[PDB]
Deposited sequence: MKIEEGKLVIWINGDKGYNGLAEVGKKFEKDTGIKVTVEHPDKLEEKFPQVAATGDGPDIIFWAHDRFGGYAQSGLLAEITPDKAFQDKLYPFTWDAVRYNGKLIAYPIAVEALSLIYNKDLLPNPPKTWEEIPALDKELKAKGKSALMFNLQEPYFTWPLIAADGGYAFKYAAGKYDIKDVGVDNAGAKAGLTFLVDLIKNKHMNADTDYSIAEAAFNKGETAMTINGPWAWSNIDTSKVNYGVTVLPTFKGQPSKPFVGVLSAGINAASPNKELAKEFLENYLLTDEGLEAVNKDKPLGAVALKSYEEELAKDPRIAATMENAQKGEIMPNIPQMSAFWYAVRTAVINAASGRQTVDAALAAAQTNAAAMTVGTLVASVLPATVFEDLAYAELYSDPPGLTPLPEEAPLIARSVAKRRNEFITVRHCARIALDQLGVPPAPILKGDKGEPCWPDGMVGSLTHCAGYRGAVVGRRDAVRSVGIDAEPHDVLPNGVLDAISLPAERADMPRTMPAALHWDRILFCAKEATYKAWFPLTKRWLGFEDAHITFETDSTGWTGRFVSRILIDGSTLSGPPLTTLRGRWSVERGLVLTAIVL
C-alpha cells in the first residue's frame, strides 16, 4: 500500500535530506501534494525487501551502482525524459543510469572520494600512501594520528585496492564480463596488504568506522580523513581543511569508484507522474539543487547550468580530479555481490580473521554469487523491515566454502548435503551483514536448530532450486521460521500424515484451483515448527497445529494462522497459542515465513 496523491522519498542519512524536504515543501505549496522524506539505515538493502511486497517509497535515491539489481527484479519504472530535459544534464550521467537499453533513474550528482586534511596540523599533505607510516609516527609523538577513515565500508578502501591494478569486473566493448573479477590479482593484494600493515603497525584501528573517523577529524585529533562532498558541511561547522588528490600507491593514482547519485521511481508507485514532475521540474533545477547542496554538498551536479557555478569551488575541482583518476562504477546486478565480497574481505583481513590472500581468494568467488532475488521478501512483513534481512540463491555457486568452524558439520556428509549447507550459510552471512553483523559460523544445536550470533535470530531453508536465509534482530523479533518447497503435489500418503481432516476440507475451498494446496500446507507446517522450537524446545507434530489460510486478491500470495493444539508455553515470554505467517507461490516454489 503506497498511498496515492502523496510522495515518499528515501535518501541516505549522510546526504542533504532536510534540503530535499525544503524542495518537497515547495512542491506541496504549488501542487497540494505532500512530500515526506525519510532516511532509513541500509536503505540500499531495504528498498528491494519492501518494494518486493509492492511497498516502499515512491522515489529512492542512491548511487547508480545499485540500480541494475533493482531493475532486474522489476522494481523500477522506466524513465523517459524528453529531448530538451536530457540536454540539460551531462551525457555521461545519463549513461550511468542506463541499463539494458532503458533509463532507470534520473542522475543527480557525481560523487568521488578525496583526501581531506587539517592544514594547521599538516600544511603539506602526503603525496604517497607509503609515507603515511612515517607521518603517523611523527603525529603520534604530538598526541595525534595521521589518518582515520571508515574501514567498515569497502567504498573507502577500494581506491587503494584499485590503485596498482585491482578491478571489479572486466569491461570490454561496452560490456562487463562477470566471469573476470579483479579482486584477487597482484595489484589488489598489494593494496590490501598495505592497509593491513597499517593496522598491524598501529597506524589505524580495524574498528574505525564512519562516525569515529568523522568525529576524530572534526575535533582535530587526526590530520587526515577520506570522504566525499557530503562530509564538508560538518567540517565547515567545526578546522582549517583542504580537499585534495588522494595519495598514490606504487606511484599510481588511487582510483576511487565514482557514483552518480540517482533517483529511481518505484515500479509499484501510483504516483509516477507526480514523481517525474517533482524530479524534473522541482529538484533538477538550480533552485532545487541549491536547496539540497546547501544542506550537504552534492558534489559535481548533473545539471549543466548549476555545475557551471559549482565547478568554481576548488573542493569540486579536487573531487573531479580524483573522479577522473578513478572509474565510474558498473550498474550491473552483480554489484551488490561484488560489494559484499569486498566488504567481507576487507573486514576479515583487517581483523586477522583471514590472511589477505585467503580473504581475496574468497572475494573473487563470492563476487560471482549474486543475490538480488526477492521470493522470500514477498512473505516478510514490510513493517518490520529495519530489523529483518534476507538473501537467497537458486543454485549452488561454484567454489563456495564453509567457514573453518563449520566444516566439521559436513565432513562426512553427502555431496548434495554439503552444497545446500554451504550455500544457505553464505546466504545467512549476506543477511547478517545487512544487519551490521560480521561473518560468523552458523552451527547446529538442540534438535538441529541453527545457532545465531548474539542478538540475532533467523531461519534457513534449502530445497530443489532454492536456498534462503532470513535473519532478525532479537531485541525486536522473538523468532523467525521460513520454509521453501517445490510447488509440486505431495508424494502419496504424505497429505494424510501431515494434515487434519478440517484442513483437507477447508483448503481446497479457500485456495485457487491452480495451487497445490497440499504442498502449501506442508510448507507452512514446517515453517511453524522452525519458528516454534527455539522458543519452546519442544516437539510440535503435524497434527498439533491447525492451519487456516486466506488468499490475497492476486491469487498467488496470502496469510495463514497456525493454531497450536498442544501446550503452547514458551520458556520465557508469551505462549505460542497461535502463530501468524504469510505464503507465496512464485517461480515454481512455495515460500512461507513467520516472524514472531
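Missing C-alpha coordinates mark the following deposited-sequence intervals, in order: 1, 240.
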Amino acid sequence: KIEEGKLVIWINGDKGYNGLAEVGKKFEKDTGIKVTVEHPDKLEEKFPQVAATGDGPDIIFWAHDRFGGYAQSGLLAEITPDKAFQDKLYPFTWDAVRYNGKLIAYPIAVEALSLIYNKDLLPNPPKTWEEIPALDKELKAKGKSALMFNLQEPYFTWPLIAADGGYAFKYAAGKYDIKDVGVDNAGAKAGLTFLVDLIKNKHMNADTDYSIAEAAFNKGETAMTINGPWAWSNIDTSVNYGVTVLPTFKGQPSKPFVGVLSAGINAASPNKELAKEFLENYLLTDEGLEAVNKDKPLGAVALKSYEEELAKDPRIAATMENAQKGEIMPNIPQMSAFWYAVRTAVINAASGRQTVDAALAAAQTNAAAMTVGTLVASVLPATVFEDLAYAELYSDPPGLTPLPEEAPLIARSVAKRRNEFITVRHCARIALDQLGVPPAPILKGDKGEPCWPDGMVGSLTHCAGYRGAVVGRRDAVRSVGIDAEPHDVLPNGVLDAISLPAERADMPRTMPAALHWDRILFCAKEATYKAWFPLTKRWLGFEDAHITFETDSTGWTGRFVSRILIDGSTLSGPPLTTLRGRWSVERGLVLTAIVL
From here on, numbers count along this sequence of modelled residues.
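When the mean C-alpha temperature factors of 349-357 and 114-122 are read from the deposited coordinates, 349-357 comes out higher.
With 190-198 and 493-501 compared on mean CA B-factor from the PDB entry, the stretch scoring higher is 493-501. The entry lists C-alpha B-factors for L443, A318, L400, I226, and the highest of these is at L400.
Looking at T222, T461, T248, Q72, the one whose CA carries the top B-factor in the deposited record is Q72. When all modelled residues of the chain are sorted by CA temperature factor, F47 is found within the middle third. In the deposited entry, the Cα temperature factor of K83 places it in the middle third of its chain's modelled residues. Among all modelled residues in its chain, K179 ranks in the highest third by Cα B-factor. Ranked by C-alpha B-factor against the other modelled residues of its chain, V35 falls in the highest third. Among the modelled residues of its chain, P438 has a C-alpha B-factor that falls in the highest third, as given in the PDB entry.
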